[PDB]
Amino acid sequence: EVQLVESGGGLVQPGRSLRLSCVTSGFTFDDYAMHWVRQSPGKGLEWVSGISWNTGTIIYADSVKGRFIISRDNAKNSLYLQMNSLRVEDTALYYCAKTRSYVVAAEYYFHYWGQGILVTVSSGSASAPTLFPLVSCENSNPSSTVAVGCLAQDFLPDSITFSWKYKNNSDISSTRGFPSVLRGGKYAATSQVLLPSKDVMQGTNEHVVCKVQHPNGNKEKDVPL
Amino acid sequence: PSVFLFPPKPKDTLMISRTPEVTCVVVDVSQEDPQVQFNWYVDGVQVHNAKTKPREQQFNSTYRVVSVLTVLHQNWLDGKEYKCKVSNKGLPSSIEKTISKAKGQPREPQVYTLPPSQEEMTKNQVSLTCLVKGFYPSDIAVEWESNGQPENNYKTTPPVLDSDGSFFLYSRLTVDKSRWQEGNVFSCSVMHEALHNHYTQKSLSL
Amino acid sequence: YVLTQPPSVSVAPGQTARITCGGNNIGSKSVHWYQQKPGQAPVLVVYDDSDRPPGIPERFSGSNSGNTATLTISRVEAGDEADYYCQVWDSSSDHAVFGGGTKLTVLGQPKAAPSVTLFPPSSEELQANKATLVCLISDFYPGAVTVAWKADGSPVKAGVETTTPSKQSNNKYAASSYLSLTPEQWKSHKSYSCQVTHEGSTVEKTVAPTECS
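Residue numbers (the working numbering), protein chains in the order written: chain A, 50 to 274; chain B, 112 to 317; chain C, 14 to 226.
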């Protein structure tokens with residue numbers, strides 16, 4: 050059994066700093082070069098840095114050189130990553146890794162990975178999402194009435210549960226939800242609602258309504274028909 | 112006084128993280144004065160002094176004069192001659208000794224794991240075998256591990272000089288048949304100079 | 014160094030999934046493979062080209078020669094559904110390059126045609142001196158589509174940020190693609206198009222900065 054446990058911090062404002070840590074167990078730390086590999090929230094892994102057994106050889110990623118400082122402590126079975134001059138682009142899940150090589154110059158492979166701690170770099174912490182309506186155009190005969198969509202942006206952190214309301218009881222209780230995207234220090238998420246023609250069944254659809262359920266920062270924007 | 116020069120641990124030369132040493136020890140000192148001298152001739156270069164510090168691990172009346180020598184991995188793996196020139200106020204002349212790795216072109220070991228003989232299943236503790244053959248030099252290192260943890264209950268036979276000029280050995284892990292029945296996966300890890308990363312391991316399961 | 018592996022690979026149970034890891038003279042390097050399950054840290058399934066770590070099933074075989082490394086999975090099962098990454102240490106510059114990743118979608122249900130609609134940035138956004146094109150893709154299986162943006166035919170690379178497909182709950186997968194551009198850029202083009210390729214099929218919608226006057 051081998052376990053690499055990371056700590057570090059979490060959410061931070063750009064420019065600020067964070068020092069990550071990784072305490073290892075289940076193997077001789079002195080014998081293996083440890084590495085840090087991050088994973089951008091939503092797409093692929095990216096190698097960050099690495100350091101030899103005796104600290105002698107330190108190496109970094111080009112997109113990190115100068116900012117991040119990788120360290121280790123054999124006596125304490127710990128690997129660190131001093132993240133200086135943070136940037137929003139650095140928002141990723143940082144993984145700790147154990148290699149397995151004995152030859153002088155080996156083609157490293159990450160034998161063991163930690164669960165991965167998360168660092169979020171952005172300005173505002175809790176933000177009230179600014180809701181902007183999206184409209185297409187009238188349609189019915191050539192194809193399904195695309196109607197309109199609701200674009201919720203400027204919220205942070207996530208924890209969003211949007212809901213569209215009508216003047217009467219929402220019969221067809223459904224909504225085309227979508228994933229939130231990692232934007233520059235903020236999040237954004239749309240919600241589309243296809244409309245089966247303009248069936249004015251008593252309730253006159255003067256304008257559709259869109260509301261966002263978010264802890265701290267409740268908003269409701271008016272959308273056309 | 113008889114002198115005995117000893118080589119470094121096979122693991123110690125194969126992994127860059129360890130420090131391979133050469134040991135010069137002596138037994139039966141002459142009754143007089145302990146005036147000793149050391150001249151470590153490293154096939155050309157010379158350290159002379161090195162770290163000749165006899166940490167007298169005195170138990171009862173025993174205590175010998177040991178002299179370790181920090182060795183550069185490659186220098187040992189390239190066939191350099193490490194000589195120890197021991198002397199003492201009593202010996203007629205200085206006795207020298209010289210060691211180097213088994214001179215010869217290295218051969219990558221072939222590792223094969225063998226499950227328990229069906230006859231052994233009648234017993235409570237079945238044994239897992241690991242055949243490591245066709246390697247050279249003899250200097251090798253074999254260990255066993257289950258779920259990323261070394262298993263201490265195993266023995267390894269010394270290298271037998273096969274007909275092919277190469278060597279071979281067997282490592283036997285002893286595991287409760289209950290554990291073997293559970294479909295656990297054990298691995299035979301072998302370290303040797305001529306291996307891709309000085310490492311390789313083969314697993315066993317049910 | 015550069016590694017290149019197909020975005021997705023859909024194979025029905027029983028069949029063999031062969032994941033290709035492209036690399037220039039990759040045969041001189043030892044490819045490694047990792048398996049990353051949703052919400053789980055990646056695991057080393059194959060290393061040094063063909064070696065398998067204790068415990069990883071036999072059906073996982075590694076291959077590598079010339080300009081291609083090929084991860085092969087015999088008798089593909091549902092539990093083998095995750096992202097596979099091919100990594101290689103570039104000896105020439107001391108950097109560990111990972112591939113883009115491949116989504117091994119073990120086929121279960123039939124393939125669904127993606128419905129895509131591009132919405133123009135509302136005037137309110139323009140008022141805030143910003144312009145965002147929102148391309149919504151929904152009801153598609155396998156959950157993997159390549160979305161591309163292009164202004165007046167020419168592809169726009171900067172400002173794009175697409176979300177990964179999500180099955181949410183309705184079984185079918187969905188996604189969203191954004192193009193955060195300046196309000197002036199939006200007005201300085203005849204038309205903008207969002208093209209989503211769902212395995213061969215490329216469907217695209219166009220939104221022009223003007224329709225009539």
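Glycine included, each C-beta is placed from N, C-alpha and C at the ideal position.
For residue i, list the residues DSSP reports as bridge partners.
i, result
"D287 (chain B)", "B:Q236"
"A110 (chain A)", "Paired residue(s): none; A110 (chain A) is not in a bridge."
"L183 (chain B)", "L183 (chain B) pairs with nothing; no bridge assigned."
"residue 231 (chain C)", "Not covered by the structure: residue 231 (chain C). The range shown for chain C is 14 to 226."
"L272 (chain B)", "B:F278"
"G226 (chain A)", "A:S240"
"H108 (chain C)", "C:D103"
Have a look at residue i and residue j and give me their C-alpha separation to the nearest angstrom.
i, j, result
"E50 (chain A)", "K260 (chain A)", "49 Å"
"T106 (chain A)", "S229 (chain A)", "40 Å"
"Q236 (chain B)", "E262 (chain B)", "14 Å"
"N218 (chain A)", "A141 (chain C)", "35 Å"
"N190 (chain A)", "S246 (chain A)", "9 Å"
"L16 (chain C)", "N126 (chain A)", "33 Å"
"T179 (chain A)", "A146 (chain A)", "40 Å"
"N254 (chain A)", "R225 (chain A)", "19 Å"
"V113 (chain A)", "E138 (chain A)", "11 Å"
"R65 (chain C)", "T194 (chain A)", "53 Å"
"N258 (chain B)", "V257 (chain A)", "59 Å"
"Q312 (chain B)", "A171 (chain C)", "47 Å"
"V243 (chain B)", "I69 (chain C)", "23 Å"
"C299 (chain B)", "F246 (chain B)", "16 Å"
"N265 (chain A)", "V110 (chain C)", "41 Å"
"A237 (chain A)", "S190 (chain C)", "11 Å"
"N264 (chain B)", "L239 (chain B)", "11 Å"
"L205 (chain A)", "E254 (chain B)", "52 Å"
With 8 Å set as the bound, which would you pick, yes or no: does the beta-carbon of residue i sit closer than that to a beta-carbon of chain B?
i, result
"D152 (chain C)", "no"
"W102 (chain A)", "yes"
"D61 (chain C)", "yes"
"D79 (chain A)", "yes"
"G105 (chain A)", "no"
"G75 (chain A)", "yes"
"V72 (chain A)", "no"
"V51 (chain A)", "yes"
Comparing the C-beta of residue i with each C-beta of chain C, is any distance below 8 Å?
i, result
"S282 (chain B)", "no"
"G226 (chain A)", "yes"
"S189 (chain A)", "no"
"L67 (chain A)", "no"
"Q262 (chain A)", "no"
"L94 (chain A)", "yes"
"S289 (chain B)", "no"
Here's the rule I'm using: 16 or more other beta-carbon atoms within 10 Å means buried, otherwise exposed. How should residue i be labelled?
i, result
"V147 (chain C)", "buried"
"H160 (chain A)", "buried"
"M232 (chain B)", "exposed"
"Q202 (chain A)", "buried"
"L317 (chain B)", "exposed"
"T176 (chain C)", "buried"
"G156 (chain C)", "buried"
"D250 (chain B)", "buried"
"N171 (chain B)", "exposed"
"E224 (chain C)", "exposed"
"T115 (chain C)", "buried"
"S176 (chain A)", "buried"
Does the distance between the C-beta of residue i and the nearest non-hydrogen atom of the ligand ADP fall short of 7 Å?
i, result
"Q146 (chain B)", "Among the components of this structure there are no ligands whatsoever, and the ligand ADP is therefore not found."
Could you check whether the Cβ of residue i sits closer than 8 Å to any Cβ belonging to chain A?
i, result
"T118 (chain C)", "no"
"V24 (chain C)", "no"
"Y14 (chain C)", "no"
"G114 (chain C)", "yes"
At a Cβ threshold of 8 Å, is residue i touching chain D?
i, result
"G190 (chain B)", "Among the protein chains of the structure shown, namely A, B and C, there is no chain D."
Which residues, in chain order, does the stretch 65-77 of chain C contribute to contact with chain B at a C-beta distance below 7 Å?
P67, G68
Quick one, which residues of the stretch 295-312 of chain B are near chain C if we go by CB-CB under 9 Å, in chain order?
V296, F297, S298, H307, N308, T311, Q312
Contact list for the stretch 88-112 of chain C against chain A, Cβ threshold 8 Å:
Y98, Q100, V101, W102, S104, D107, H108, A109, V110, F111
Which of the residues in the stretch 203-226 of chain C, read from start to end, lie with their CB under 9 Å from any CB of chain A?
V220, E224
Given a limit of 7 Å on CB to CB distance, which residues of the stretch 202-213 of chain A reach chain C?
none
Give, in chain order, every residue of the stretch 135-165 of chain A whose Cβ lies closer than 8 Å to some Cβ of chain B.
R149, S150, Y151, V152, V153, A155
If contact means a Cβ-Cβ distance below 7 Å, which residues of the stretch 114-129 of chain B contact chain A?
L125, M126, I127, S128
Residues of the stretch 237-260 of chain B in Cβ contact with chain A at a cutoff of 7 Å, in chain order, please.
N258, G259, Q260
Closer than 8 Å, Cβ to any Cβ of chain C: which residues of the stretch 116-134 of chain A, in chain order?
none
Within 7 Å of chain A by C-beta, residues of the stretch 159-187 of chain C in sequence order
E174, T176, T177, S179, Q181, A187
Determine which residues of the stretch 128-158 of chain C have a Cβ less than 7 Å from any Cβ of chain A, and write them out in chain order.
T130, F132, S135, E137, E138, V147, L149, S151
Got a sec: which bits of the stretch 36-54 of chain C sit with their beta carbon under 8 Å from any beta carbon on chain A, in order along the chain?
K42, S43, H45, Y47, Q49, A54
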